[PDB]
Structure formats: C-alpha cells, structure tokens
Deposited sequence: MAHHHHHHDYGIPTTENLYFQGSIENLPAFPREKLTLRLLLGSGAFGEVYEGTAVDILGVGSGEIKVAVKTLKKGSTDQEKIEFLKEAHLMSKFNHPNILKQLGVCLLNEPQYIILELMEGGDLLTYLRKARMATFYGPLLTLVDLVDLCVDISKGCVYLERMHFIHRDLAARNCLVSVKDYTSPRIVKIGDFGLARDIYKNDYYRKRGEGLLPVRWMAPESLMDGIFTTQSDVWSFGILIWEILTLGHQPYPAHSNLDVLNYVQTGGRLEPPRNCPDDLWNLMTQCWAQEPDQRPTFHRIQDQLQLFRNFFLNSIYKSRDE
C-alpha cells in the first residue's frame, strides 16, 4: 500500500519565495532523522483555487517520485496534503535549475566560464546515471532538459551534484519541440529511445553552457530542419568523442540510438581518457 511521506505542517516553516505552482525555500524540523534539526528544504505548493486536473497532476507527481531512490534523482522528503495549499517537500538544491546554473557560469567573466570541461563532463555523467536508474525502473521521462535538472550548490567552487528534478510528464512503461525526437513530433510516440534523443540535446546544453538549441530556427521551422536530417552544430571546441556520442543519440532511427548503459559507459571512458591525458603531459 503506497504511502506518501506525511510531514507535520507545523514542523514545516516557509520563508523565501523562489518562483512560479509556487516554490518556497524553507526549513523542516527533523525530516532527516530525530536529531535532524531544522534542515533546509524547497516547497512546491498546489494552488488554493486551481483546476482539479492540476490537483490530479499534483498528486500523480507526488506519487511518482515516492517511488525513486537514487543519488541523481531529486528527493521528495515530505508532503502536506490534508490541508490546502498542499505542500510537496523537496530537498533543497541551492544552485537552482541546471540551465540557469550553466548560463551564469558562462556569463560571469570573459576571463572565461566558471565551469571547465571536466566539471561539464561530471554533470553529464551524473544525469546519465539517473537515466539508467529511471530506465531500470521502467519509467520514461519525456522531458529531459537542463531546465528540469537541479544543482546542489550555488557556487562554482564547491563539490556539486546534479539531479533530474521535475517529473511532470514522466510515465511508467512497464514547446518543447527543440528537445523532442522526430517520432514524438510527428506521431506523438514516446519511448526510452526518445529519452536518449532528448538526453543528447541535454548534454549539448551542458557543453554549450545553456545555449538555445537550433538558434537559427523558429519553433515552426525546427521540425522542418530536423526533417531535413539537419541537427545541432557542435558546441565550440567540443571533444570529438563527445560529439560522436551526441550525434549517435540523435540517429533519425530509434534503434540505432545507444542505450543509457552505453551512454554512461561512453562518458566515464572519455572522462578516464581525458584525465589520463592531462596527467601524462
């Protein structure tokens, strides 16, 4: 019998509003144990006065993430459901969403990016470990994208971890046109193989520090371009092993796309290779 982690509302304390749906920073007395103390959390709230299909999506999400336990999957820590507004209590990720974290890194100083190739590869490895998990659990995400991942620290010096964070469109399988495989766009079909297509777009976002896919193309024009068999341009000075990986993720045919195990393999092998190459210089 599926139990959501009921958390005592009076033990929760909201504070800072983050954005819009409605996200607050806050603290929660003892979620992570008895001597847990007042740990910091994020809080997702469902409207007082929202659509009932919003409440249904709200609950379905809450239930979906109850299922997960993985380092690269955002923890849902508690819920406050017996009163409105309902609260979803999530571990706090102080870096905000991946996409913002990347763009700030790019734009801080033209001395250069605050994230190096090795930082960026570790991001890719992290998210890939999470997709391998989702697949092992027979879930398809259907909306992989940096805007949907979260970074654990705000700064660019401290050890960081990225997690897949928003599962509003995930489904059990046991616009955003720029991220969607061509099948998904023509036929409305989604699979774990279309998840690989969007992941390839994702690591392209990471390696360009949060650039817009197909900058040359309006939303309407995008499907035209992909139709052409056209694809993204390589990120500037992208390592050839990584470009090969992405390109393979966007094979026009779904069964020629690599698997997430393979994708994680590729990423760690490259990382190994690159690390070794520097140390024996």
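Of the deposited sequence, the ranges 1-23, 44-46, 201-212, 320-322 have no C-alpha coordinates according to the record.
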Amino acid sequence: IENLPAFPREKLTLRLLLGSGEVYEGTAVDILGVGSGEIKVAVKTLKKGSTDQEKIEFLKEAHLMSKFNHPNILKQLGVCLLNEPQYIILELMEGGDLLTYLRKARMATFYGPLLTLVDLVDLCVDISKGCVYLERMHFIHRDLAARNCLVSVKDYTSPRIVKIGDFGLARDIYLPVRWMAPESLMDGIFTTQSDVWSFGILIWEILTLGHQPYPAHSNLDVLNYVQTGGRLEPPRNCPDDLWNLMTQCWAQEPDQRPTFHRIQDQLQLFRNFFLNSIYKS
From here on, numbers count along this sequence of modelled residues.
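Across the other entries compared, none leave residue 199 without coordinates where the residues on each side are present, so it is far from a third. Compared with other PDB entries of the same protein, residue 129 is present in all of those that resolve the residues around it, none of them, let alone a third, dropping it. Stretch comparison (111-119 versus 180-188) by mean CA B-factor in the PDB entry places 180-188 on top.
Per the PDB record, of the two stretches 90-98 and 132-140, 132-140 carries the greater mean B-factor over its C-alpha atoms. Annotation for 29, 62, 242, 232: 29 ranks highest, by Cα B-factor. In this structure the maximum Cα B-factor among 154, 163, 104, 171 is found at 171.
In this PDB entry, the Cα temperature factor of residue 1 sits in the top third of its chain's modelled residues, the highest group. When all modelled residues of the chain are sorted by CA temperature factor, residue 82 is found within the middle third.
The entry lists a Cα temperature factor for residue 20 that places it in the highest third of the chain's modelled residues.
Sorting the modelled residues of the chain by their CA temperature factor places residue 196 in the middle third. Placement of the Cα temperature factor of residue 9 within the chain: highest third of the modelled residues, per the deposited record.
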